[PDB]
Amino acid sequence: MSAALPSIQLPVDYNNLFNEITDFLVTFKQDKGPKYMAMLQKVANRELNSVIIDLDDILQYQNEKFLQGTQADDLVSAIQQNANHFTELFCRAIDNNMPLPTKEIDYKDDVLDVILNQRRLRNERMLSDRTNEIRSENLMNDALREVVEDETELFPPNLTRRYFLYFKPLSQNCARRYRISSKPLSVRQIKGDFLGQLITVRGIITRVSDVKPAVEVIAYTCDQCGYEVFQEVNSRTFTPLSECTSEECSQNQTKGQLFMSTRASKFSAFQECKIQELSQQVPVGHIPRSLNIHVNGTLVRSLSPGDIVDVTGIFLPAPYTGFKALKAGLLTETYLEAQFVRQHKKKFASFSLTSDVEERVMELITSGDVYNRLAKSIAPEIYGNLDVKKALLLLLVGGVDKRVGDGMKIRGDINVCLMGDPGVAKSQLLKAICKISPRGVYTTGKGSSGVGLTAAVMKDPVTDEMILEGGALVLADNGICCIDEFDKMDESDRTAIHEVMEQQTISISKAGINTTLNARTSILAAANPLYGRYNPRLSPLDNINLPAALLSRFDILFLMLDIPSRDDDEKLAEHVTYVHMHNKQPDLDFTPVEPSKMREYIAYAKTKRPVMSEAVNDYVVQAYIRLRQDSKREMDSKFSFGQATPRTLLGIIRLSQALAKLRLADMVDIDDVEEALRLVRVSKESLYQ
Amino acid sequence: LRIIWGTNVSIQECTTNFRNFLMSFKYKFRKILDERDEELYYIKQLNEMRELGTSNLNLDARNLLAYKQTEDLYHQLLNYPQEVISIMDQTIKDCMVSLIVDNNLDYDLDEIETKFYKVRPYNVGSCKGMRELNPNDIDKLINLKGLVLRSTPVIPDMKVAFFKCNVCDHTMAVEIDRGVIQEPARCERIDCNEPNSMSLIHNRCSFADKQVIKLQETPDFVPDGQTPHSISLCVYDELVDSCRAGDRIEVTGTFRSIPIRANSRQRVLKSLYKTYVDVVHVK
Ligand SMILES: Nc1ncnc2c1ncn2[C@@H]1O[C@H](COP(=O)(O)OP(=O)(O)O)[C@@H](O)[C@H]1O
Ligand SMILES: [Zn+2]
Ligand SMILES: [Zn+2]
């Protein structure tokens, strides 16, 4: 009954789009030589493992056809649909045309690349013997060679597949140039019926699983045959094909047993994550709902929690429906199979220099005064006070981590408080540094903050294990944690914080948790005195509520407090009314730097590891003793605060390192510490106004 | 030329190459390895072992890396350990016997003919714990630095199964092959046949000791973002009650994967495999 499975047809014709691909992979020189062939030589060199295909080239390839009057038969409008077909057929061409191996097979190589080599060799010997036996049996290539191919049975090319293939879309630039394909959609905006399409979505990667192997093919061994049995695994589950299906046992009485091989079984690296909606894209009154993303292969570690990404990939059903009764038939779950990733705040750990990034650093330097240029370029939407914002740049670059080579470590990081009264904005600076910091995080005084500053423990949804889930100080690391309403925290919060400023680690010893945990965070804090504003009749140790032991772990505190004045408040009222009249910042003979290029500059400065001259070494000491002698012997009355400490000497060193790194300089001058000491003292000269 | 399937290993060529090393090594790492008296460096430690009965040969793997003629092997035992250590079990016995026959000796022969010798290779390179162990690393030598949080009871695991026959006064035994007990339906027919009537008797069988240990793993570096992992690992006989809660350890073994049964009802297996270490050495 051919009225069942009724025949239909559509404008596509895959049987000649494959004929298009087999030209594109070799017929492209708009950017060694036909680069895909040379890239496949590096696969034939066995020095890379993943193939990235960009629509940027396919479009300009069709222009080289269309402007020559040659039919396009568009791949791009097809490929944004149905990519699970192309991604398993576009790869077939590459098996059928790739260069031969050049660096000959050797012991220092990854073990999978000989297992595949042996089967690929065995494949050809089977043809070589069967052809000769057929020829020898008492009697043309295209005639004979097809007999060999059909009578033989062989390893399939997907099981000899050396590599994983992925796609990336074309950016809007290439869509408007030559005049769709990838709007970065909201998780709400996805409207369901995009199933099948290649889509771009952006949002917070809240939670990830660990990477583990998940099988795609099971290989089974049969002794009595010697033939392998391969089972493709497609769903979440499989049943062992224990009954031997072999071509030698099928027409045989005995049906002898088989055993799985746990290295001949082709795996893939499997990882998955939630993306929650990006909050500013949520409608009024609605909630940031979540979507499930599945990952395969080489891409797997590109997603890390607490970061914002574009994910590009193919959006697909999964067979699940609820629990039988809560059903209305043929429902599906859905997931996104990730293909390529880009992330709007980048990882510092990748920073190498190439033809476009060095000039973005160099054009920033050559105007000079870089340190003051960047301080004013931090948060230029709030008035003046440069000394605070100038120190926030040092908080980012952070100084130098020191390991003693003898079992000791001392913090290469800056911890700061922004004490003051209302009206001189705080959270705006906290929020501004959360954006400019990759891995930046924002926090608040009360509620969840016990667990929120701590490891939870969680039964991991996708797989049967417990995991520690990181609070803010662990969701952030190697980056800034921002604290607000600070003194409205509580002892259980402080005694977590107080350890983290002192050293890079946290320790827990309640219930199922006994670990020692790496923090590696910079704490930048906003706090208010006991009465919101200061009282001049109260000495700072009484005006401030914080205990001086914790305060001594702030390497700088800023007494950033307001006093009314006839002139100074006028220029502020100009800046606020100007920036409220329109978005733009003042018409100074200046430009506030774009943050992403400043992030690149910082990521280069972070690579610098400066050394202190003996000239400054002996100067830092003598300044310290005069500071410490003054601080103790004179300053323990009236407006006097605290005490000078070894820790504040190390603060001056770390700040002096930071300045030298902002110079991009391999050594630390006497000119640096005479600036660092100024920021230390100036933060409280405000108090005399 | 002979070769193992899927593999780069020639038995006899590795056999002679290991002997050539075993009968000629003298701290060449101090000479060669980096910018850093003795002689016969292993022969003293082999002729040490034979009177003590300590059947274990603890091996500093980096002896081979520096040495001139077994760079060809370091990257094999690292990558094919289940098979390459199965070679070493044989070569060392033959290399013990060469120290018999060159000696006027008492009757060491009457047991070392039958007894078995093994290798524990530990001195291998560093790794980022569980995390860098992508599936390309399945079934390879590995090491971990860390500590123990708990250890299970000792588990009985089958090594010879026993069969009792409900009639006719003959039993049967079968050795386990790669995780199966192929129980004969036929009553060992040549005595007589009854189609299906035979038993399996628990308390006659021969068992391994097995033990499982939970390791809190602590790498020399961890990426920004990470949190501690509780790996689960397994240890066999002669290592049971070697190490226990609170010990700080370097351990080495084979990284593995295994399925899990979804439920106690039916043989459906989860496709997202579980992973563990089979311990071969603990320092
Ligand atoms: N000096 C300034 N320049 C520009 N805007 C300011 C300034 N001071 C305050 N503001 C405005 O006031 C708000 C700051 O509130 P803020 O004082 O940070 O709350 P808190 O009392 O918690 O610190 C911001 O919205 C900002 O626009
Ligand atoms: Zn078979
Ligand atoms: Zn019987």
# chains A, B, ... in the order shown; residues from 1 in each chain; ligands from 1
>>> residues_around(residues="residue 4 of chain B", least_positions_apart="2", cutoff="12 Å", atoms="only C-alpha atoms", output="list in words")
residues 114, 115 and 118 of chain A; 1, 2, 6, 7, 8, 9, 10, 11, 12, 80, 83 and 84 of chain B
>>> interface_residues(of="chain A", to="chain B", cutoff="6 Å", atoms="only C-alpha atoms", output="MDAnalysis selection string")
chainID A and resid 115 213:215 236:239 477
>>> atom_distance(atom1="atom CA of residue 617 of chain A", atom2="atom CA of residue 629 of chain A")
18.5 Å
>>> residues_near_ligand(ligand="ligand 1", cutoff="10 Å", atoms="only C-alpha atoms and all ligand atoms", output="ChimeraX atom specification")
/A:379-385,418-431,484-485,526-528,532,562,569,571-577,579-580
>>> residues_near_ligand(ligand="ligand 2", cutoff="7 Å", atoms="only C-alpha atoms and all ligand atoms", output="JSON, numbers by chain")
{"A": [222, 223, 224, 225, 226, 227, 244, 245, 246, 248, 249, 256, 257, 258]}
>>> write_last_selection(atoms="N, CA and C atoms", output="PDB file, in the first residue's frame")
ATOM      1  N   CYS A 222      33.421 -11.366  18.516  1.00  0.00           N
ATOM      2  CA  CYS A 222      32.978 -12.755  18.447  1.00  0.00           C
ATOM      3  C   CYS A 222      34.191 -13.587  18.074  1.00  0.00           C
ATOM      4  N   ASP A 223      34.555 -14.507  18.963  1.00  0.00           N
ATOM      5  CA  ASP A 223      35.668 -15.416  18.716  1.00  0.00           C
ATOM      6  C   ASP A 223      35.379 -16.388  17.579  1.00  0.00           C
ATOM      7  N   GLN A 224      34.237 -17.072  17.628  1.00  0.00           N
ATOM      8  CA  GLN A 224      33.998 -18.159  16.684  1.00  0.00           C
ATOM      9  C   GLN A 224      33.852 -17.653  15.259  1.00  0.00           C
ATOM     10  N   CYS A 225      33.426 -16.406  15.088  1.00  0.00           N
ATOM     11  CA  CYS A 225      33.495 -15.753  13.788  1.00  0.00           C
ATOM     12  C   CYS A 225      34.854 -15.114  13.540  1.00  0.00           C
ATOM     13  N   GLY A 226      35.341 -14.322  14.494  1.00  0.00           N
ATOM     14  CA  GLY A 226      36.346 -13.321  14.228  1.00  0.00           C
ATOM     15  C   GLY A 226      35.824 -12.031  13.643  1.00  0.00           C
ATOM     16  N   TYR A 227      34.603 -12.014  13.118  1.00  0.00           N
ATOM     17  CA  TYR A 227      33.989 -10.763  12.704  1.00  0.00           C
ATOM     18  C   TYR A 227      33.604  -9.932  13.913  1.00  0.00           C
ATOM     19  N   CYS A 244      24.613 -13.309  18.572  1.00  0.00           N
ATOM     20  CA  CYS A 244      25.550 -12.935  17.522  1.00  0.00           C
ATOM     21  C   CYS A 244      24.897 -12.864  16.151  1.00  0.00           C
ATOM     22  N   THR A 245      24.887 -11.663  15.587  1.00  0.00           N
ATOM     23  CA  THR A 245      24.275 -11.358  14.304  1.00  0.00           C
ATOM     24  C   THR A 245      25.192 -11.640  13.124  1.00  0.00           C
ATOM     25  N   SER A 246      26.400 -12.154  13.371  1.00  0.00           N
ATOM     26  CA  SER A 246      27.425 -12.260  12.341  1.00  0.00           C
ATOM     27  C   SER A 246      26.934 -13.008  11.103  1.00  0.00           C
ATOM     28  N   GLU A 248      28.658 -15.014   9.465  1.00  0.00           N
ATOM     29  CA  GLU A 248      29.173 -16.378   9.457  1.00  0.00           C
ATOM     30  C   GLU A 248      28.382 -17.306  10.360  1.00  0.00           C
ATOM     31  N   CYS A 249      27.680 -16.771  11.355  1.00  0.00           N
ATOM     32  CA  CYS A 249      26.882 -17.581  12.259  1.00  0.00           C
ATOM     33  C   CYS A 249      25.420 -17.589  11.861  1.00  0.00           C
ATOM     34  N   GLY A 256      27.347 -18.624  18.288  1.00  0.00           N
ATOM     35  CA  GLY A 256      28.227 -18.315  19.400  1.00  0.00           C
ATOM     36  C   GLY A 256      28.356 -16.873  19.843  1.00  0.00           C
ATOM     37  N   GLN A 257      28.683 -16.737  21.127  1.00  0.00           N
ATOM     38  CA  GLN A 257      28.519 -15.536  21.930  1.00  0.00           C
ATOM     39  C   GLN A 257      29.535 -14.465  21.539  1.00  0.00           C
ATOM     40  N   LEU A 258      29.281 -13.243  22.015  1.00  0.00           N
ATOM     41  CA  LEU A 258      30.184 -12.122  21.823  1.00  0.00           C
ATOM     42  C   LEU A 258      30.270 -11.222  23.050  1.00  0.00           C
TER      43      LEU A 258
END
